[PDB]
Every structure is written in C-alpha cells, then in structure tokens.
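*Asks:* mind folding the following:
(4 chains)
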Amino acid sequence: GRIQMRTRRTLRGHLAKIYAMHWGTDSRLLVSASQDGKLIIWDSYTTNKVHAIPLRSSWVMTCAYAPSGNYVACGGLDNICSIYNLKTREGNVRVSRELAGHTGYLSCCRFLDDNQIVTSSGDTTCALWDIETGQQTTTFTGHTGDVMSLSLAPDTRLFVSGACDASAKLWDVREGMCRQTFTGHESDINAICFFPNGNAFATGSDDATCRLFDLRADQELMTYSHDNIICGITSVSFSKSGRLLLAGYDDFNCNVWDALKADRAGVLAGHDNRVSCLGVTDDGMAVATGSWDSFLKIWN
Amino acid sequence: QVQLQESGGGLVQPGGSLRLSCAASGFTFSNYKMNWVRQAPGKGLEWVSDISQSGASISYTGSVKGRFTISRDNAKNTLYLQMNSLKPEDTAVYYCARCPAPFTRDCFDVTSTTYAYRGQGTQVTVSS
Amino acid sequence: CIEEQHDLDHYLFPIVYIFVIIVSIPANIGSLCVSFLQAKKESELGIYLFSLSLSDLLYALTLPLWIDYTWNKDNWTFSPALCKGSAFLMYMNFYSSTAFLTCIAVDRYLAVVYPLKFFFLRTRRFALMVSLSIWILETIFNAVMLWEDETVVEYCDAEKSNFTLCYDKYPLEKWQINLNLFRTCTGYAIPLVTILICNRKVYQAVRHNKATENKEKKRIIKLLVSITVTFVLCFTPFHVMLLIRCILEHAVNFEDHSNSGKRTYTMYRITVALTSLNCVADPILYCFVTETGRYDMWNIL
Amino acid sequence: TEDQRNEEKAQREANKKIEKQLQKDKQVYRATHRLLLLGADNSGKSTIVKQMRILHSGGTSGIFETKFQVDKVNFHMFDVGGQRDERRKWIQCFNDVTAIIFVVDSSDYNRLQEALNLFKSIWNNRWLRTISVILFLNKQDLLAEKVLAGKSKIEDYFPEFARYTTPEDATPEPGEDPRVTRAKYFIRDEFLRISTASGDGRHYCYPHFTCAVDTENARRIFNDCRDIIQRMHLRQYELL
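*Replies:* Numbering: from 1, shown residues only, chains lettered A, B, ... in the order given. You can find the structure just below:
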C-alpha cells in the first residue's frame, strides 16, 4: 500500500558517472565501475575503500565479481572483457586474463564459476568462454538489434537477454540454439533479470512500461504503465524472496512497481541525474544503487 | 507483432500516379513520429518527407520537394502518397517507417540497415 | 562634550539601526545557510560567502548594545568589559567582512577569467586555510585595544552631569591613532582596489563571451554595477572621515573647538551610522537576486 | 579484542594510503578534458584526428582513443569506430563530455539530408540537449566545382538555395568566389535553423569551416571549450 526508503549510506570518491555496479558473493564487499576508469572495491560495512583498480580503458560499461569472490571482470565500449586478481598471494590486484572476440561494445558479463564466464555484446550475439585458456566454446545469435542485458538463471544452464529489436530470446548454454522469443513491447529492452525459481523473468523497455514473461508461457503476461510518465526504464531488480520487484527510471528517479500488488508504490528520489544501475546483497541485508551524479547512494 | 504493411502499387507512367496506402497495426499510431523511406535499384536507402506526431508539421528534401503528397490519418493508421511530375526514378520499394521512441524528435536509426520498425513496402512499375 | 552630539545621535542612530538589525538578521541567516550548502558541494565560493555572512552576523550581534548606548541616558549600568568586548567584536567584523568580500571577488575572478588554470588555489581546502589565516591575523593585529583601558568619562557643562564614553574619545588617543592608521591601510584600501579590478575583469569576459544573449548580458551588468556601487557607497565616507579625524586631531591644536568638535565629530558619527547598511545590502546582491538554491535551502530547513 | 586491532590496522593502512593516491589521481583527472568525435564514413574525421595527433593512439580495433595538448592543458579525444551503424544507444555514453565534434560531408549532397537528419536527432536528444556541439563542414572547394558541373545540383536536394540570398553576416574569404559563399553559408543556415528553432540557452552549436589538412582545429576546440566552461562558470558562480 505504501513503500519508502531513506539513503542509509552514501559512497563518495568516484570522479564521473557510475555506469555499472556489482556485489560479490561476500555481501560486505562490492565492485563499482565509473567512466573515470576506477574499479574501486569498497568495504560496504564501513564505507571504506579496499582497492582502486586503474582500468585500461576509461569507457567502462560493465563490471562483474566472480562467485568465489576473487576475480573481477571489467569491460565496455572497447569490445574486451578483462579479468583481475584480488585474493592473489602476491598481495596486489593484477590482471589475470583478457577476453576478446566480440565485434560490438560489451553490454553485460556474468561469471559462471572460477574458470568460466558468459557475456553479451552490442553486435547481436552472446558468447561463452573458458578462463583457463581464454577461448570461446559457444556463440549465440538470432537477434536483430543490439543486445543490452543479461540474466544468468540460478540454474546456470539457461540464460536470457534483451535486445533493441522488439524481441527477447532464451539460450541454453550447452546447446547454443535459441528456443523461444517474445515480441509484445513496442519500444524495446534495456534491462532484464530472473526470478529465484527461474520460471519468470522481468524486463525493462524504452517505452514507459515494464513487462513480465515466463518460460512456461508463450505469451506476454502483463505490462505496467502510468499515464503521466513518458521517459523510459534503465534497470530492474528482485527481492531475496523474489515476490516483489523494482526498476530504475530515466527522469532522475526510480519508480517501484510490484507484480503482486500489480501497481506502483512510491519512489526513491534524491539523485540529481539518471539512475544507471541497481543491486542487492546475496543475503539481502542491504541494497545499493548507482547514478550519473557519481554517488552510489545506499538505501535503507 | 509490431509491423507496418503497405498496399497499392503497380502500373505507373509519367503524368499518371497511383495512391500508396500504409497499414500500421499492433502499434500506437498517433504519438509516434512517421516518415517514408525508399530504396531503388543500384543505391542504398534514402530519406523522404515526414509528418510529425498528430499530423502537425511536414518536411521534405529537394528531389521530393513539392511533388509528392504526404499525410497521416488516425482513421486508418496510414500514410498517403500521390505522385506528380512522375519519372522512372519513382520505381522503388516504399518502406513505411516510424521513429523508434515516442514523444521525442529523435529518429536516429530509421535509415539504418536492418532497422526493425519499418514496413515491407511496395513497388510501382513506371513504364511508357 | 558638545550639546548637539547627544540630541542628534538620539534621533539618528536608533532610526537607522532598527532597520539595519531587523532586515540584516534574517537575510544573513539565509546567506550563511545557503553558503554552507553550496560549500558542501564542489564550489569553494561557498566558504567565502559563509565567512562573510558569519562576520555580518557578528556585527548584528553587537549592534543592540550600541543602539541602547546611542539613545544616551543615565541608564547604562553595564560593566566596561562589555564596552571593550562589543567594540572589539564590531571592528573584528567590519574588517573581516571587507576581507571576505575581497576573497569572493578574487575567487570569481580566478574562476570566470581562467576556466582552465589555477585549480590548486580554487580547492576547498585552500579556502579553509585562507579563512583561518585571515581570522587569526586580524585578531592578533586588532588585539591591541583589548589590553588598553578603552573607556573614559567626561563632564557636560550645559547638561550639568557626567557621562561614560564607550570606545572612542575626542581628541583621539595616540594608541588609537596608531591602531586606526594600520586598520585603514589593511582593511579598506586593499579590498577596494581588488573588488573593482575583479568585477571589471568579469564584466569584460561576459561581454567577450560568445554563447550569451542580450538579456543575460543586461542582467549581468546590472548585478555587477549594483555590487560595486553598494560597496563604494556603504564604506567610503566612514573611512574618509576617520582619516580626517586621525590626521587633524594629531596635527591640529585642540583649542580650535567649534568647527572641529561640533562638525567633524558629528559627520564622523553620521558616516559610522551609514556604514551599517552594508549588512543589509550584501545578502541581497550576493544570494537572493540570482540564486534559486535559497528556496531549496528553505525547503530543506 | 584482537579483531578490533586488526580492523583498525587494516583501515588505517589501506584507506588512508589508497585515498591519498585517489586524491593524487583526481588532481590529474580534473585537469584533463574529454571530447567525443562524430562524422560520416566519407568524412575526413580520421584524417583530422591523425593531423591533431601528429601536431601533438591508446587503442585499436575498437575505441580509437587519442591524446593531445594545447597551452599545457591535456585533452582526450575518442572515436568510436568499432561499432555497427546504429547509434541511438551507445551514443549516450558521452553525455558529460565538454563538447561533441560533428563533421559533415557538404560536397556529398546525397548524405547532406542524412547528416541533417542525424544532426536533428543529436540536437533534440534528451541526454544531449545540454552538450554543446561543434559543427565542421568539409570538401568546400568541391562545392564551386559541383555548381559548375551540376552533376547533382544543389537545388536537386535543396531548391531553397535558388531563392536564398547572401546574409549581411556573410564575410566572404579573400580568395573565395561569392556565389560559392552563398551556397556554403546556405547549407550552414540550413543546419543553424535546426540549431536555433528548438534550441535553448542550455545548448549551443558552433559552426566552423575547414578541410582535414587544417591543424588549427585543436585550438578551435580548445577555445570553444573555454567558452563552454566560462558559461558553466557564469551559471555556477551566481552571475546568472
């Protein structure tokens, strides 16, 4: 009936707009990527910096933290995904591996394990790699527009992505062949995320609507909309239990829609520019966000 | 599915013009910007006159300026075109197209190859 | 003691001071809070604005005792320590405010005139050092009057009663002359030359700007002219009269009573009353005329 | 309470050190200015960037990052060539650059309408309304030759040129033909109409004439960056 939160904490030190953000499996630490080129690892529980990686290329659009909590992947408009060490015995963060082969700007990346990774790019394809040798093993194709999101399902065997054409497509990693496609939206996707049970998955759009789909479904479940809002959506998220949903908006604001309530509730306001990313801890003790105003305001 | 289907075409000659009718379906018509776009033998894509949202404003380029009749109608979700001073150059696939986002003047990629939001088009056989 | 002094001051000083205090107080509260809000962000100009607002509020704090004294009667039972402290604070402000106006002008100069240089001086932590340094320097150099016994009593023949003169006397005491020479040359001359130069350069740049329309240029010239005229009118006469006193009382024999004692002292007091209007003027021009963030700060509060 | 001792030691050793380093690096970060470059395939943008770099790249097969310096103020310029033709998404990564360099092929009249549409889209874009754009027109000498030969006359793509008249603002160059100036400033006004009709004070477009061989473009970009920053300062320091 009503939802509200305050800016519990704030992270300061980034010198430009934050484009990406990701935690680690250990919820106390989180990665952050900014156009300034710094992949700062912050100690969340004490709002402290623990590392400062100088990225090779300033134009970063992605950032990922390995499930083991050691390796961190970074990349963006340079068409390359780079890996670094954090828990190495040398005591200094250093490059471990670099992945190359895409023909478009890197859009998302996600670790599968300590020795594997999956990624999506703006060349209308997704790829799977081996960390040990840095070689491809399966490439995914079938979209028409740029791909701009990923959501590795908890059953990592399957994953889904959204594109700039009116379609979102599913791929099974070991088989490398598309097996479903939905097309309801009119102005197409910018983000996607999965449900803990894995059957349903959310999605953002350029038109002022959020929509839902499910694996068992061959139909667009629904679409949320508000009459007075024109701008688009920029990201999504889920709850620890998963029932409740959320998203980020273009007009310097968030807007919390819920599927179970099926209607919106409140807003997280306080940024003075676009919100470009979101995220929650693996344990759900805290929630974070990023913005083009360079503050990862962490909310109560 | 988001699609724009065109109808009308075939026999044409200098001094004689058909009527081009477009059928937008499964997609909100008024609030999006509209515009024609053509492709002809031995050349890529070319821009054509537009008509703003709700049919407010019009624009043209030199080759087409003052020789074709652009218009939009909500009663049929259609654009219209009738030719004057017809030439063999009229032969082309008339892709009924629309801009990617609503409530905006941005139409970045309508001319882009493999652009999603455009129709199949129809051809006219200019002959004499 | 001269008869006209008491009677003229009785009307003159309360009338101006009531307006000065009542209008300046809220205005300077607004200026101080908005300046702090701006300082929390990147802009360093907030620190200088905050210091100037603090100085003016210090002035307003001292004024009430002075209106009470100027409405001169036998009912002045406060200890002379108050006479020492209020004057100390009042001069402290006066000169600190002049200095911080100088700092604001210099900051805007370095900013607008040099978009791509001198980032080091423009840093927040450099402004903090400058502010603390000027506070300490002015305090140590103006301390001299605290040590001295700055309170005198004299008799009025026509009134047939004694009176207590707070701070200044007539003629000036030698240590007062020595203090005032330095205080002028440091706190008035230097700000005056600097503010004119800074604002002239800023207007020059604005006229030389490329992407500005006529209306914005007109508004800018209006603001700059307003600031310069306000400073000049508020300050110049008092320092002129103060220098006149400082030089003549040292160089002029004290038996030339009528003209000096009656006219010069009265005009000096009138100019002292006039100077107080700067407290009202500064908040308006510096904050309210241009910045909407004042409304935002009010909403926040 | 050895846990507290370890926490204090880790905090002191790590945060102080790396935050001192971070301030040191921020000092460098502010002093460097970043600019985006745009242009058509047949435009001279690659040649322009190469000339500037020679006047004095950080990547290949992707973003063609470049460095250059003027008046001891360090600059970065970025050319995104490792992407396919669609622009509407990756373009907004540059919403915070000082300015966007926009190059057009004026001799190629066919693309002039395409470049006009692209410039319209950039000008009215939600995330670029606050970012000034620098306009560059090239292959100007070919315009007179095209007028003489008329293989694709100006009127074929813009009949407004026939009814157009040279403006009072016109400043024909010393060794330049007048009617060529008429047509050149005519296309300039064609773009400036888009610039001004729906523009606002929070935006500006600076036209300039040049061929790729000209080295001054670095100083032009520098001076227009000065102008942009000066106006942002006027707004910031409450002079407006």
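*Asks:* please name the residues that touch the residue most central in space within chain D.
*Replies:* The residue lying closest to the centre of chain D (Cα atoms, centre = their mean) is residue D:101, at 1.2 Å. Residues in contact with residue D:101 (Cβ atoms under 8 Å, 6 or more residues apart in numbering or on different chains) are D:35-39, D:45, D:77, D:133-134, D:136, D:221. The way it works is simple: take the backbone N, C-alpha and C, and place the C-beta from them, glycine included.
*Asks:* give me the neighbour count for residue D:235.
*Replies:* As a burial measure, residue D:235 scores 14 neighbours (other Cβ atoms under 10 Å in any protein chain shown).
*Asks:* please confirm that it is located within a helix.
*Replies:* Yes. Applying DSSP: H, G, I helix; E, B strand; the rest coil, one finds residue D:235 inside a helix.
*Asks:* show me the beta-bridge partners of the residue lying closest to residue D:106 once chain neighbours are set aside.
*Replies:* Leaving aside its sequence neighbours, residue D:106 sits nearest to residue D:137 (Cβ to Cβ, 6 or more residues apart in numbering or on different chains; 4.8 Å). Residues in a beta bridge with residue D:137, per DSSP bridges, are residue D:104, residue D:209.
*Asks:* and the gap between residue D:137 and chain C?
*Replies:* Distance from residue D:137 to chain C, counting by Cβ to the nearest Cβ, to the nearest Å: 19 Å.
*Asks:* what's the local residue count around that residue?
*Replies:* 22.
*Asks:* correct me if wrong: it contacts residue D:107.
*Replies:* No. Counting by Cβ atoms under 8 Å, residue D:137 stays clear of residue D:107, with 9.4 Å between them.
*Asks:* residues contacting residue 58?
*Replies:* Unless you meant another one, I'm taking chain A. Neighbouring residues of residue A:58 by Cβ under 8 Å, 6+ apart: A:35-37, D:34.
*Asks:* was after chain D, sorry
*Replies:* The neighbourhood of residue D:58, defined by Cβ under 8 Å, 6+ apart, consists of A:57, D:65-67.
*Asks:* what's the answer for residue D:126, then?
*Replies:* Taking Cβ under 8 Å, 6+ apart, we find residue D:126 in contact with A:231, A:250, B:104, B:106.
*Asks:* with residue C:210 instead?
*Replies:* Applying Cβ under 8 Å, 6+ apart to residue C:210 gives the contacts D:206, D:227.
*Asks:* report how many residues lie close to residue 234.
*Replies:* Unless you meant another one, I'm taking chain A. 19.
*Asks:* not what I meant, chain D
*Replies:* 22.
*Asks:* that one - nearest residue in space that isn't next to it in sequence?
*Replies:* Once flanking residues are discounted, residue D:234 sits nearest to residue D:240: 5.3 Å by Cβ to Cβ, 6+ apart.
*Asks:* ok, the one you found - how many residues close by?
*Replies:* Other residues near residue D:240 number 17, with proximity taken as other Cβ under 10 Å.
*Asks:* partner strands of the helix or strand hosting residue A:236 and their direction?
*Replies:* Here residue A:236 sits within strand A:233-238, counting by DSSP states H and E. Using DSSP bridges, strand A:233-238 pairs in its sheet with strand A:245-249 (antiparallel).
*Asks:* can you list contacts of the strand it pairs with?
*Replies:* Contacting residues not belonging to strand A:245-249 are listed as A:191, A:202, A:204, A:210, A:229, A:231-239, A:254-259, A:275-278, A:289 [Cβ under 8 Å, 6+ apart].
*Asks:* what residues does chain A have near chain B?
*Replies:* Neighbours of chain B within chain A, by Cβ under 8 Å from any Cβ of the partner chain: A:144-145, A:164-166, A:183, A:186-188, A:206-207, A:230, A:232.
*Asks:* pick the one among the residues you listed closest to chain C.
*Replies:* If you rank the residues of chain A next to chain B by distance to chain C using Cβ to the nearest Cβ, residue A:230 comes first, at 24.8 Å.
*Asks:* please name the nearest non-neighbouring residue to the residue nearest the centre of chain B.
*Replies:* For chain B, the residue nearest the mean C-alpha position is residue B:36 (2.4 Å; Cα atoms, centre = their mean). Distance criterion Cβ to Cβ, 6+ apart; nearest residue to residue B:36, sequence neighbours excluded, is residue B:48 at 3.6 Å.
*Asks:* just confirm the residue nearest to the centre of chain B is within a strand.
*Replies:* Yes. The assignment for residue B:36, made by three-state DSSP, places it in a strand.
*Asks:* that one and residue B:51 touch, don't they?
*Replies:* No. Residue B:36 lies out of contact with residue B:51 (Cβ under 8 Å); the separation is 9.0 Å.
*Asks:* what residues are shared contacts of these two?
*Replies:* Listed as contacting both residue B:36 and residue B:51 by Cβ under 8 Å, 6+ apart are B:70, B:79.
*Asks:* excluding chain neighbours, give the residue nearest to residue A:285 in space.
*Replies:* Once flanking residues are discounted, residue A:285 sits nearest to residue A:27: 6.2 Å by Cβ to Cβ, 6+ apart.
*Asks:* try residue A:298
*Replies:* Spatially, and ignoring its direct neighbours in sequence, residue A:298 is nearest to residue A:9 (3.9 Å; Cβ to Cβ, 6+ apart).
*Asks:* who's in contact with the one you found?
*Replies:* A:44, A:47, A:297-298.
*Asks:* would you map the helices across chain D?
*Replies:* Using DSSP state H, the helices assigned to chain D run over residues D:2-11, D:17-31, D:45-55, D:109-124, D:141-149, D:154-157, D:160-163, D:178-197, D:217-236.
*Asks:* in JSON lines: these, plus distance to residue C:246.
*Replies:* Shown next, in JSON lines, are these (distance: least, Cβ to Cβ, whole Å):
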{"stretch": "helix D:2-11", "distance to residue C:246": "59"}
{"stretch": "helix D:17-31", "distance to residue C:246": "48"}
{"stretch": "helix D:45-55", "distance to residue C:246": "62"}
{"stretch": "helix D:109-124", "distance to residue C:246": "64"}
{"stretch": "helix D:141-149", "distance to residue C:246": "74"}
{"stretch": "helix D:154-157", "distance to residue C:246": "78"}
{"stretch": "helix D:160-163", "distance to residue C:246": "75"}
{"stretch": "helix D:178-197", "distance to residue C:246": "61"}
{"stretch": "helix D:217-236", "distance to residue C:246": "41"}
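*Asks:* of the ones you listed, which is nearest residue A:118?
*Replies:* With Cβ to Cβ as the criterion, residue A:118 lies closest to helix D:17-31 of these, at 31.3 Å.
*Asks:* and chain D, which residues reach chain A?
*Replies:* Residues of chain D that fall close to chain A, judged by Cβ under 8 Å from any Cβ: D:11, D:14-15, D:18-19, D:21-22, D:25-26, D:29-30, D:34, D:58-59, D:61-63, D:65, D:78, D:80, D:82-84, D:86, D:88-90, D:93, D:95-96, D:126-127.
*Asks:* burial count for residue D:57?
*Replies:* Counted by other Cβ under 10 Å, the residues lying close to residue D:57 total 13.
*Asks:* and it, how far from residue D:63?
*Replies:* 9 Å (Cβ to Cβ, to the nearest Å).
*Asks:* what of residue C:125?
*Replies:* Here residue C:125 is placed at a distance of 35 Å from residue D:63 (Cβ to Cβ).
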